[PDB]
Amino acid sequence: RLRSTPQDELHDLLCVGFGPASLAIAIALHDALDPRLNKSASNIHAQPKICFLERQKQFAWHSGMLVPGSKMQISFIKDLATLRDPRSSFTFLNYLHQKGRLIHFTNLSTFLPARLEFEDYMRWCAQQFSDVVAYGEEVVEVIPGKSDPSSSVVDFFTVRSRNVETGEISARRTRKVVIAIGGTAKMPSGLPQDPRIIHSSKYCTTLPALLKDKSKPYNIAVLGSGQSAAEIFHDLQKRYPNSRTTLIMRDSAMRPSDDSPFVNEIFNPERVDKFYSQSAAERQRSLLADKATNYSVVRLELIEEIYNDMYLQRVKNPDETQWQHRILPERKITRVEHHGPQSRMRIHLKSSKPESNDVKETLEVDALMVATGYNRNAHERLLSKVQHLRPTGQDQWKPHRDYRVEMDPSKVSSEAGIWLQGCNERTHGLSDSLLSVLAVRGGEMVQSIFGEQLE
Amino acid sequence: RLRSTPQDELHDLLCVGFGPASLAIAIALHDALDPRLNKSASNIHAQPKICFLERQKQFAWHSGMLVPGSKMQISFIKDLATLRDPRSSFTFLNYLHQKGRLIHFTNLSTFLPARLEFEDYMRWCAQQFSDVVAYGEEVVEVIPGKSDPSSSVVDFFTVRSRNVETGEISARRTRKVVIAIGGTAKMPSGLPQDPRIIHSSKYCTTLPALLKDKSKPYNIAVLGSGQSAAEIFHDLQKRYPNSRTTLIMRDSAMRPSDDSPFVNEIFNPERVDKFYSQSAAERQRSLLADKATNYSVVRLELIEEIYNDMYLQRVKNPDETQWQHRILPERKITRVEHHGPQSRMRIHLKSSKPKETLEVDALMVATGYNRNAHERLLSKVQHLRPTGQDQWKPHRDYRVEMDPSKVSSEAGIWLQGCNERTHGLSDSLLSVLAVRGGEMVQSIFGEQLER
Amino acid sequence: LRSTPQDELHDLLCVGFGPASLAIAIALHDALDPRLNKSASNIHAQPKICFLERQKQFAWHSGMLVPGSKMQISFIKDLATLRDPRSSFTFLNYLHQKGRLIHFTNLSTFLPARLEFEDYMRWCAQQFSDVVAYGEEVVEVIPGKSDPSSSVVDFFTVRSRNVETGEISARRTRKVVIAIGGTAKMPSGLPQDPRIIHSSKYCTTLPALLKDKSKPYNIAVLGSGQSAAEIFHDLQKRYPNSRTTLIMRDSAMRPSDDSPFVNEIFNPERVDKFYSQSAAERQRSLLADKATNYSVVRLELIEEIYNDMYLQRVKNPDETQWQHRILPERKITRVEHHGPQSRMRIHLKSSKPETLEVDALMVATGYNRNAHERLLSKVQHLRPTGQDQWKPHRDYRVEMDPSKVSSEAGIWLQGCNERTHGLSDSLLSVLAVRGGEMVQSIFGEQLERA
Amino acid sequence: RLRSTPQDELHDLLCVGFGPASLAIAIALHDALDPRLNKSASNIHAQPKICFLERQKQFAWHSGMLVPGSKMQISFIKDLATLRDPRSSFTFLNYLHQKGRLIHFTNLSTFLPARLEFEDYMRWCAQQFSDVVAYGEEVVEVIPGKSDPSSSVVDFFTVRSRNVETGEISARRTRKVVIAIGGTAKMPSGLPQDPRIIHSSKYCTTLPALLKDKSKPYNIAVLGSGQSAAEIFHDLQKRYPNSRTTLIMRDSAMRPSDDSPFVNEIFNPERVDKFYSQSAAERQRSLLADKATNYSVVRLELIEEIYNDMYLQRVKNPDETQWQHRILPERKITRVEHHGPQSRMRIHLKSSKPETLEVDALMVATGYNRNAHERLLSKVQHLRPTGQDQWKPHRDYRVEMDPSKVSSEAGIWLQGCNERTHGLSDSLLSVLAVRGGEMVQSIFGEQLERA
Ligand SMILES: Cc1cc2c(cc1C)N(C[C@H](O)[C@H](O)[C@H](O)COP(=O)(O)OP(=O)(O)OC[C@H]1O[C@@H](n3cnc4c(N)ncnc43)[C@H](O)[C@@H]1O)c1[nH]c(=O)[nH]c(=O)c1N2
Ligand SMILES: Cc1cc2c(cc1C)N(C[C@H](O)[C@H](O)[C@H](O)COP(=O)(O)OP(=O)(O)OC[C@H]1O[C@@H](n3cnc4c(N)ncnc43)[C@H](O)[C@@H]1O)c1[nH]c(=O)[nH]c(=O)c1N2
Ligand SMILES: Cc1cc2c(cc1C)N(C[C@H](O)[C@H](O)[C@H](O)COP(=O)(O)OP(=O)(O)OC[C@H]1O[C@@H](n3cnc4c(N)ncnc43)[C@H](O)[C@@H]1O)c1[nH]c(=O)[nH]c(=O)c1N2
Ligand SMILES: Cc1cc2c(cc1C)N(C[C@H](O)[C@H](O)[C@H](O)COP(=O)(O)OP(=O)(O)OC[C@H]1O[C@@H](n3cnc4c(N)ncnc43)[C@H](O)[C@@H]1O)c1[nH]c(=O)[nH]c(=O)c1N2
Ligand SMILES: NCCC[C@H](N)C(=O)O
Ligand SMILES: NCCC[C@H](N)C(=O)O
Ligand SMILES: NCCC[C@H](N)C(=O)O
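The rules behind the values
Residues numbered from 1 in each chain as written, not as in the entry; some residues may be left out. Chains lettered and ligands numbered in written order. Heavy atoms only, no water. Residues with missing side-chain atoms left out of burial classes, pairs and counts. Helix = DSSP H or I, 4+ residues; strand = E, 2+ residues; numbered from the N terminus. Rg over C-alpha atoms; globule rule 2.2 N^0.38 Å. Disulfide = S-S within 2.5 Å. Buried < 20%, exposed > 50% of the residue type's maximum accessible area, 1.4 Å probe, protein only. UniProt positions renumbered as here; feature names shortened; annotations may be inferred. Contact = heavy atoms within 4.5 Å. Pairing = 2+ DSSP bridges. Axes fitted to C-alpha atoms, helices over the stretch in contact; angles between N-to-C directions. Salt bridge = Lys/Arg side-chain N within 4 Å of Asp/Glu carboxyl O. Near = heavy atom within 4 Å. Polar contact = N/O pair within 3.5 Å; in protein donor to acceptor, adjacent residues only side chain to side chain.

Header annotation of the entry names X-ray crystallography as the structure determination method and lists the resolution as 2.3350 Å.

Set out below in structure tokens:
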């Protein structure tokens, strides 16, 4: 439970996006006000005026990548509450207990539930906050607010959102803003725009509408060699059984993701303090050394499955060029021909060896899945009408350790501010975009944003 | 947490033993009284008068088998509370959080903590009941009590215990008794008593006192082929590196324990209802069908290590009879000669099918456990049973049958941990303790807590 | 190995050309190779050998080449390695010849796909095409007396029916090997119907019955061993909108046991120890080791099937609503199948000492290994008087009355001797070593003279 | 069996070293001369005059690192013959069959034999070449020979070795030389030389002579975080149960070695052709991208074991600084005080980003160098093409020589030190079986074809 604020009142906090980062904040505030879990909150009566705006029509966790049988890449103990308080009612185990499913999950013997199940757990959590989440609202800008228009100090912010069904613009006033909008699809700048070129994030939701007949002999290419690329390549061979699929990667091979126990301690919540305090050179060097814990890597078991699928083809035909499904390593796409009335595009491939008697290959494909990752800079556009409130000379938003961005103290009241969530890897460590530290961080955020107010 | 009852007052419940079974009852009672876990408890004034008697000097979980590196045989999710309420403060995960170790345990990636750790967890739990647990008290009998002697109705029980340090006998009066005393060492009937013949349960605590010099080339035999035998045999080779150890088993081979997921559902808490209601013939048949889940089986990984160690010996010497450590299958012990001043006993071996001798400094007897010590403990109330029973018969709720004309309905005796035959293969393990503790709190204190 | 003209007196005739006989062909080849056996340089006389196989080409339980099915035994136990790793008929040399050895090395598995191990044995078998007559089903074995003045049987006539033409062919031999594997075991209570198909004919017969891979068929599977689990699992992929039901009289699928100490019962050198035990001892031993082979599923497939069921529970807590269901501790009491309805009605009762409407029932109830009894009925009078069963010696030669059968003639059994020779007899476990033993038993004296 | 050549004759081939690389060459020549394996070998009555010089007294494979329980890091299929011919009598599987051990190894279900076992397998191979291997001979230089008086062309080489027992210098003449001397111990340039500073390569042989009492509470430090460091650190805690061990590494963590299936194909024999023909810049980039397949990495299972042991210490005491065994990451050694009459050295630590210990010994597990052939060949380096400062092998491992200074019938080959031109597999067992066969063609092809 959290009771709603009338839309027109001045909010204490408005959060943009209701994915796992914002949801853990919602959960942490709930637990902070629960006197059974927090002996102090016995004397507390007033609840902060909180509001969440989410672009999707309901809570959903990367729905375009809910590939049948995909598993989480992280232990369920790192759910949205347990590392902060195992007694919380929002643990994965308590959710299973409520679904009457806990003993059955115990016999699974896995730390890595299906992505479908973990979505249901977080959907189960999120439903308990329906009175403070406005769905179908896409935030478009954040503009400065002044209670006295003749004042030179901004003391609140107006968040504007467009309803995804009507297009109507709504305005909500708040003292503090959290931006937790995840990542945007990153496409190679050389690729043209075309309904047959689909980022991995829209795989489950748009590809079936393009290629309607599940038995047709489509040619489908996949670009990339990380977890998204591997899952799409593996699934397409099951989803379209008569298809010819081609995995295109600029590396020489899929490489295994690293979560060996010592290396994995960089994701511990208490490391965030050490990481933040290092110099920019140390943080950059560290992120590069631990690259294989998260980016451009595939879970070993899935590498092993794809290799076995390829081995079976080799058993049937010693000639790799005749295989139904193929991996073309150390290639890059140099041209995509897509104009004209035909269904298929023509992809031109050259070696990915640095430009420093080469051969060019062509493919005709009905679709190209682009599994080339994500950017986390969409907040720059959302915050562009308040960036003049930054300190003189900053070209980028600067979060402190507590995730609040730096602002000119003469332009912004100390009672107003903006916080960033999920886009702070460079200052806060490889865990920032993941589920890794969300439970603990939600607690930190509730202290940071509401600590004085609750006390 | 739970406040004490004066020793001389009439108790609501007395529990004999403070192992995991009693600890689960204590925890569930705490949780039933916790307004965070039951809003239907914010309006509860009186805490029931509860008492626990434990013979050991502190909480301890088979400390004589705390073999270096030994692991749990069950997922940590089946702890003393989670399957009943994951919000409990007595979960394993919350314990880790209090110890500041939760994130580190996460990187272990295991469902099977070290036995040493799970002991500390339950010990951490047990400390919060220190005001209601009397340690160093060995219960010796349970005797019937009558508030009106002129009556034919037993309406309470007197539990007598001997202090392990002083020998003083104490008497406590209670309306209800729980017996949760675990198992006793099962010894083969043909073996004589000798300080060199030591049951597995006393391995860590007695053997080092006997074989003090860790460098001597002792001959040590081990009898059995279940989990206790496998762990002792493996550990002896590290503990006494120059020893010659011999594993003696009547089966042909160590066999893996079965916790494959469909088979493992017999341990689910909700199976207890189905199992309890089956006939005596069906109950026996299923326990025999599911034997490989618990008795006479070794965790697959431990077998593989032992086999690898033997394989390495074969690499060094192809003649098995010259090996330092040996496994002798399909053998039974027919005689042990032990009378004499000489240090070693002479073990005589025969085939286990329906001359070999070993001279040994010690024999570890890893032959399992019996669970009927309650029969001796309850013999002075045996006349209160319905006429014709030669055994104590627990109902589904674990309360034993008593002649309704001889025992008041407000008094009773419950059994815990010794009911495998009527309640399933999960009765003696950690499997259903969290849910079962909750059930017991309902059965014994439900009416009292509701009013 | 060079062929023998059909009409000549053979030294050895083998009935069946599956893995059991193939191991013999391979072992005889190696016994004659001077690279492997120095003495064979002084042998130019090859024994007169011939193989009769009922299938049109070599094939290894092809009605069960289920997509993704794996071997249940390490590739080291191929058809030659445990006898001689230098043999050209090893699995590793096959991979090397196919140019696949390093790629297989990167698979890091001891358990090849069944498809692959079948191709490995097919590669072996093709090198014996001159002594294998395919499409020939042996129908009887009949005694021969070469000396009209004696009553002593000193050879055998094996007659076979060609499966395509029906012509009956007769071949004379001094010694016979029967290595015809197993026959489908069906529960005695089940009626015959084209919709009731044993697991051995799953891949080959069911597709002809259920042609539309997308139709919402109800398909039941009976049993809980490796075949039941592989079919139950595959049907959910093969007919994705189907409703499948696994019917078992046990309470659960149970894991197969190949832990290292238990598994030593399959070692080649155990056969001597096993054979010499009493009948009661051998019977007790087979019962104690049942979980090594019968009524058991590889753990990984159990875990997989359980995971699929768990996903259904996530989607719907009501098991009775599931697309795919397991009904444990059940038995089939009646099958209603006479009628125009496309579906049969299966009647279920509890198996301790509800109905389904199904388009098909897969019967995964295992195999019998006694078909040799009918094949040998015209020589049964040659057994020692008082024996009601064929008795193999340790060397697999069946006992015969020395006053009725010349010592130069005899009959050997392969694959049907579990009760006398151990759990390894019907499997691949000891075939390479046993191939060697058979060549010594059958050709030892002849190869020495030669 | 290859027959020996008289010591004073002109050899066709002389090999420096008799480790696995040279042994694979010996095996491949044997197989090339076997008419059972190569049909042509029937019409060959001329065995090449071959000789091997090995400094150790008998075949031995990194005996200084035969840590109890250490395992191969490579599938046994990549033994010294199988990838070239599975029918060879020198396969690992055939060795097991000859030792009567094949079925027992099968029940192990592993591709990774114990290093102790794989050592014995290669020793079993090596015994069959005893007539052409001179043990106890340390090669010190290779000198050019001119058989034609007044000529300026080198057409043979003199290999000189010192007897390890007597110190006597022997001279052997050959037209072709193979250098296969493996790697030399790499020590950090800042550390001083002291009997207490011991490279990992001498762990099993030298540390026990230094720290003789296995029960004393030594402080033993280990430097590095690759496979050698991890095995020693792990072993020291078993070998010296009361010691205080400290792992010092400049990385932040031990990282797992990569042999996942697609990545691992860089080790396939046929990749050598692809790698060799790539540009110098492309080869350096590829070697950098695949580093985690071989250098500064630990087998995952071993990392997990070390992490488990540390977790247990955390269970016993939450204060990392009080643990018996400790890991100090992101440190480098800046100073060692060791000139003193006190038994312990003083190690000074600073951050390894761009504290003191007192220890009885420091194990330096800092890897290997492969450039000792430069010193062995220094008296023939004037024969390199003008302008080369380094030895350059062709694809077939023959080093380039000025065609006007060296007869085409003479030459020198390198084995194992050619990673920069031939791929990450060059120094390992990965391609030895195939490569030996290639070497037999390269060195003896014309000679065997004329025969
Ligand atoms: C397919 C896939 C699978 C995983 C992962 C990534 C991907 C692509 N991740 C990493 C992933 O970032 C993480 O699991 C969470 O989604 C991060 O939560 P955030 O709320 O910061 O992002 P996220 O993208 O989840 O949530 C942001 C939300 O904001 C909304 N939004 C965006 N713009 C808006 C606007 N203008 N107005 C209103 N709402 C807006 C979006 O609709 C979305 O709901 C992961 N990590 C891990 O530790 N373990 C794992 O197993 C995985 N699995
Ligand atoms: C070495 C070993 C290891 C395990 C297991 C057994 C053994 C021998 N078990 C099974 C084991 O029975 C179970 O884990 C618990 O110990 C069950 O606890 P109980 O409380 O029923 O008795 P348990 O034996 O624990 O404790 C009963 C207590 O009663 C006391 N007592 C006895 N008589 C008394 C008297 N007259 N007066 C006072 N006190 C008395 C004893 O001192 C003891 O503390 C197990 N199960 C599982 O599910 N997972 C696992 O990993 C294991 N591990
Ligand atoms: C699906 C499946 C999978 C396996 C296994 C069984 C099944 C059903 N087995 C056990 C199996 O029995 C063993 O692998 C071999 O098939 C035994 O070979 P046999 O040659 O003795 O019989 P098998 O059935 O192979 O061969 C007998 C042959 O005789 C022929 N035949 C029969 N009657 C004839 C006649 N009258 N005239 C002419 N020819 C006739 C048949 O056509 C057949 O080819 C196994 N074991 C193991 O160790 N590892 C494993 O992975 C497996 N896998
Ligand atoms: C502890 C350890 C363990 C392994 C490995 C390395 C180390 C340090 N390796 C890599 C290793 O390099 C490989 O196993 C082989 O030993 C390489 O064989 P070489 O014969 O080229 O050198 P190697 O060092 O084996 O042999 C060279 C020989 O030349 C001798 N020698 C040197 N100088 C001489 C001189 N001047 N005169 C005479 N003789 C001289 C030496 O005595 C030695 O015997 C490995 N790789 C892999 O693929 N799998 C694995 O499991 C392992 N395991
Ligand atoms: N002996 C240990 C058995 C534990 C049981 N498999 C369970 O899951 O409860
Ligand atoms: N059903 C297959 C059993 C094979 C047996 N484990 C063996 O190793 O021979
Ligand atoms: N250091 C050992 C590397 C061996 C290599 N992965 C291979 O498979 O050949």
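Picking up after the structure, the text goes on.
A few points about the overall build of chain D
Scanning chain D for helices and strands turns up 12 helices and 17 strands. The C-alpha radius of gyration of chain D comes to 24 Å, within 12% of the 22 Å expected for a compact globule of 451 residues. Each of the three principal axes of chain D carries a C-alpha extent, and together these read 75 × 55 × 50 Å.

Description of the state of the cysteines
Residue and element names in this part refer to chain C. Counting across every chain of the model gives 0 disulfides over all chains. Summary of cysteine pairing: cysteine 14 is not part of a disulfide, and the nearest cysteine sulfur, belonging to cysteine 50, is at 8.6 Å. Exposure remark for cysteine 14: the relative accessible area of 0% places this residue in the buried category.

Focus: the UniProt feature "binding site: substrate" in chain D
Those places that UniProt annotates as "binding site: substrate" correspond, in this numbering, to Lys78(D), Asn264(D), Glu265(D), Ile266(D), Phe267(D), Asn294(D) and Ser430(D). Tracing the sequence through the fold places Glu265(D) in the loop between β10 (244–248) and α7 (271–277). Leave out the neighbours within four places in its chain, and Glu265(D) touches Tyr307(A), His103(C), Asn106(C) and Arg271(D). In this structure, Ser430(D) sits in the loop between α11 (419–422) and α12 (432–450). Excluding residues within four positions of it along the chain, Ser430(D) makes contact with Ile74(D), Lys78(D), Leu83(D), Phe267(D) and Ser425(D).

Quick notes on the sheet that holds strand β10 (residues 244–248) of chain B
All names here are of chain B. Spatially, β8-β15-β9-β10-β11 is the arrangement adopted by the 5 strands of the open sheet, whose pairing is parallel. The sheet is open, and its two edges are formed by β8 (197–199) and β11 (326–328), each paired on a single side. The sheet shows a mean angle of 20° between the axes of neighbouring strands, taken without regard to direction. Two strands pair when backbone bridges link them, and β8 and strand β15 (residues 362–365) are joined in this way by 3 bridges, in the parallel orientation. Note that in β15 the partner of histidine 199 across the bridge is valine 365. Packed onto the sheet, helix α6 (residues 227–239) meets β9 (219–223), β10, β11 and β15 and runs at close to 170° relative to β10.

Some words on the pattern of salt bridges
Tallying each qualifying case throughout the model produces 96 salt bridges over all chains. Between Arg101(D) and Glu117(D) there is a salt bridge; the shortest N-O distance is 2.6 Å. Taken together, the residues span a long stretch of sequence, with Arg101(D) in the loop between α2 (92–98) and α3 (102–108) and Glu117(D) in helix α4 (residues 115–127) at a distance of 16 residues. Residues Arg101(D) and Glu117(D) agree in their burial class; the two are buried. With a closest N to O distance of 3.6 Å, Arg271(D) and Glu265(D) form a salt bridge. Where salt bridges share partners, they join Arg335(B), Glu337(B), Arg346(B) and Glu359(B) into one cluster.

A closer look at the site of ligand 3
Residues and elements named next belong to chain C. Close to ligand 3 lie 27 residues; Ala20, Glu53, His61, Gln72 and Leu428 are nearest. Here an oxygen atom of ligand 3 and a backbone polar atom of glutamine 72 are 2.8 Å apart. At a separation of 2.7 Å, an oxygen atom of ligand 3 approaches a polar backbone atom of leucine 428. Of the residues forming the shell around ligand 3, the biggest block, 3 residues, is contributed by strand β4 (residues 136–144).

Here's the deal with the sheet that holds strand β13 (residues 345–351) of chain A
Residue and element names in this part refer to chain A. With antiparallel pairing, 3 strands are arranged side by side in an open sheet as β12-β13-β14. Each of the sheet's edge strands pairs with one partner strand only, and the pair in question is β12 (331–337) and β14 (361–365). Shown here is a sheet whose adjacent strand axes are inclined to one another by a mean of 30°, direction ignored. Of the strand pairs in this sheet, β12 and β13 are connected by 6 bridges, and their pairing is antiparallel. The partner of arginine 335 across the bridge, within β13, is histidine 348.

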